[PDB]
Amino acid sequence: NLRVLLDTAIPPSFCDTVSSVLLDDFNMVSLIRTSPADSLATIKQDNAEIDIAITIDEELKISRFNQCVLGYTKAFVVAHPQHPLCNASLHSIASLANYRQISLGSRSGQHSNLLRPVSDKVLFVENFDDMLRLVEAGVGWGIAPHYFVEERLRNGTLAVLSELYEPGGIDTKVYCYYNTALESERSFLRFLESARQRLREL
Amino acid sequence: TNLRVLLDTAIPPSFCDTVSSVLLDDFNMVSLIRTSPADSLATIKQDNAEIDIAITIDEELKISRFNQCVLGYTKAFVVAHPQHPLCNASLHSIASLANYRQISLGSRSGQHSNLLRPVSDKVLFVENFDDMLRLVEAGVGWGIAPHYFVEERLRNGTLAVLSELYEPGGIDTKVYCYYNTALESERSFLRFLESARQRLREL
Ligand SMILES: O=C(CSc1nc2cc([N+](=O)[O-])ccc2[nH]1)Nc1ccc(Oc2ccccc2)cc1
Ligand SMILES: O=C(CSc1nc2cc([N+](=O)[O-])ccc2[nH]1)Nc1ccc(Oc2ccccc2)cc1
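Residues numbered from 1 in each chain as written, not as in the entry; some residues may be left out. Chains lettered and ligands numbered in written order. Heavy atoms only, no water.

- Structure determination for this PDB entry is given in the record as X-ray crystallography, at a resolution of 2.65 Å.

Written out as structure tokens, the structure is:
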């Protein structure tokens, strides 16, 4: 029945709040995980047959796909505590651009405005695990979800760099892209309503 | 010390007045200038403009001697005349909106950022929000405008909201503070940031 793509920037709790609400309406449900850099390329494939996509990546007029804001989540710009960016005030994007960025690569090679690397010096990886291993080791800087960097910010294994830019983290819209068939279904609007209502309350 | 500050017209009055309040507390001698969001960045990048700070919803990333940060958040609404085809039906995507005339803010430069560029291909450019809503009131198209510009007309039934299904409570929008490289070292500016941010969160 319902193929649902979830993106790895969506928090585990955010998934289970999405998971549960679907259980109340649908019986059969497939959950699929991708990088945020591959999420919108995945749904665009016809042969993938994906009904819903919950991701942070953004686009305007998509073929056969509606769009809505499901809620918000936080990302943090991070680096090793002894990395030169820490021992320094960080007022611009062009200050970060002097140093190397560890970004997610896509299978296509291109990125959206939101996910395109902001640096001249760039090193691509395929998941946030790989990204943070490099960053922990002192190689570059990266932007990653709160849940991926939470434990290490308490440990002092990483430092936050984005805190004068946007205190509390970099607020990020979580979109829901959905197949146009799902416009009508009362079960889907219920899903939307109860997903949102609960995602606010986290 | 002395400051010339730009604030765009998408920033609501209580947000403007809060920012005014803190600046006058931390600096002596402040000046204000108001512009369309679509002309805010092009204004501060002029030679003889001498604007030290710009508080605006428009985005650029790089391309300037100005530092960037996020001062706060603000809500916009997609609106239309209560009749008009878009109301007598549901509305899930850009495709539906792109079948009708957008009344967009136009820039004097000619260009637009990714944020402010019109989504439809049937488009009609105005120079401010007053003019946008005059055409929207009259039934000519749809537009996106701040809450405080449409608050009174929405409760009258003069306008209707087309964007509650897409983003309940309004389309959330970051308010950026662009600032002079000279200000980055000054304690008064950092105090200003801390105080304004906390007061803005309290609104
Ligand atoms: O790096 C990028 C492009 S890749 C990207 N990956 C993301 C992951 C997520 N997520 O996991 O939720 C969200 C957004 C992402 N964007 N943008 C970028 C945004 C803000 C910054 O903050 C600054 C800090 C100091 C001074 C100036 C700016 C720096 C860079
Ligand atoms: O039209 C634009 C670009 S121009 C623009 N002017 C702005 C003013 C403000 N402000 O005053 O605060 C803020 C953002 C602006 N962006 N974006 C756009 C955003 C969301 C929409 O919502 C939908 C509604 C129904 C179904 C699908 C989507 C539609 C269009």
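The structure having been displayed, the exposition proceeds.
**Some points on the overall build of chain B**
Then, number 1: Each helix and strand in chain B was counted, giving 7 helices and 9 strands.
Then, number 2: For chain B, the C-alpha radius of gyration of 18 Å lies close to 17 Å, the compact-globule estimate for 203 residues.
Then, number 3: By its C-alpha atoms, chain B is 55 × 35 × 25 Å across when sized along the principal axes.
Then, number 4: Among the 203 residues that make up chain B, the fraction classed as buried is 50%.
Then, number 5: Summed over all atoms, the accessible surface of chain B reaches about 9,800 Å², with 47% contributed by carbon and sulfur. (Helix = DSSP H or I, 4+ residues; strand = E, 2+ residues; numbered from the N terminus. Rg over C-alpha atoms; globule rule 2.2 N^0.38 Å. Buried < 20%, exposed > 50% of the residue type's maximum accessible area, 1.4 Å probe, protein only. Areas by Shrake-Rupley, 256 points an atom, 1.4 Å probe, with all protein chains shown as cover.)

**Remarks on the side chain of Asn67 of chain B**
Then, number 1: If you trace the backbone, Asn67 of chain B turns up in strand β4 (residues 66-80).
Then, number 2: Setting aside its immediate chain neighbours within four residues, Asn67 of chain B contacts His91 and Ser92 of chain A together with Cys177, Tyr178, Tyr179, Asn180, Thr181 and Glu184 of chain B. (Contact = heavy atoms within 4.5 Å.)

**Structural notes on the interface of chain B and chain A**
Then, number 1: Across the boundary between the two partners, chain B contributes 30 residues, which contact 27 residues of chain A.
Then, number 2: Surface buried jointly by chain B and chain A totals about 2,300 Å² across both partners, of which 53% is contributed by carbon and sulfur atoms.
Then, number 3: Taken together, chain B and chain A are joined by 2 salt bridges.
Then, number 4: Between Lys173 of chain A and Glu167 of chain B there is a salt bridge, and its shortest N-O distance comes to 2.7 Å.
Then, number 5: With 6 residues, the single largest contributor to the side of chain B that touches chain A is β4 of chain B.
Then, number 6: When its residues are assigned to classes, the side of chain B that touches chain A shows 16 nonpolar, 5 polar and 9 charged. (Buried area = accessible area lost by both parts, 1.4 Å probe. Salt bridge = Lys/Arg side-chain N within 4 Å of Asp/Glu carboxyl O. Nonpolar A, V, L, I, M, F, W, Y, C, P; charged D, E, K, R; others polar.)

**Focus: the site of ligand 1**
All names here are of chain A.
Then, number 1: Of all residues adjacent to ligand 1, which total 19 residues, the nearest are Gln101, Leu114, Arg116, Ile143 and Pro145.
Then, number 2: A distance of 3.0 Å is found between an oxygen atom of ligand 1 and a side-chain nitrogen or oxygen belonging to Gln101.
Then, number 3: At 3.3 Å from a nitrogen atom of ligand 1 is found a main-chain nitrogen or oxygen belonging to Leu114.
Then, number 4: Considered on its own, ligand 1 offers 640 Å² of accessible surface; in the complex 91% of this is hidden by protein. (Near = heavy atom within 4 Å. Polar contact = N/O pair within 3.5 Å; in protein donor to acceptor, adjacent residues only side chain to side chain.)

**Here's the deal with the pairing of strand β2 (residues 30-35) of chain B**
Residue and element names in this part refer to chain B.
Then, number 1: Here strand β1 (residues 3-8) runs beside β2; their pairing, made up of 6 bridges, is parallel. Looking at the pairing, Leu3 lines up with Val30 of β2.
Then, number 2: With helix α1 (residues 13-26) bridging β1 and its parallel neighbour β2, the resulting β-α-β unit is right-handed. (Pairing = 2+ DSSP bridges. Right-handed = clockwise from strand over helix to strand, strands pointing away.)

**Quick look at the site of ligand 2**
All names here are of chain B.
Then, number 1: Taken together, 20 residues are adjacent to ligand 2, and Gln102, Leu115, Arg117, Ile144 and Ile171 come closest.
Then, number 2: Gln102 is positioned with one of its side-chain polar atoms (N or O) 3.0 Å from an oxygen atom of ligand 2.
Then, number 3: Expressed as a share of its isolated accessible area of 650 Å², the protein-covered part of ligand 2 is 93%.
Then, number 4: Elements supplying a minimum of two residues to the shell around ligand 2: β4, α4 (94-97), β7 (143-146) and β9 (171-180).
Then, number 5: A breakdown of the residues in the shell around ligand 2 according to their chemical character gives 15 nonpolar, 4 polar and 1 charged.

**So, α1 of chain B**
All names here are of chain B.
Then, number 1: With 14 residues, α1 ought to run about 20 Å at 1.5 Å a step, and its terminal C-alpha atoms sit 20 Å apart, in line with that.
Then, number 2: Restricting attention to buried positions, one finds in α1 the residues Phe15, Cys16, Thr18, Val19, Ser20, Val22, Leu23 and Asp26.
Then, number 3: Contacts from the buried residues of α1 go to β1, β2, β3 (53-56), β4, β9 and α7 (187-202). (Expected span 1.5 Å × (residues − 1).)

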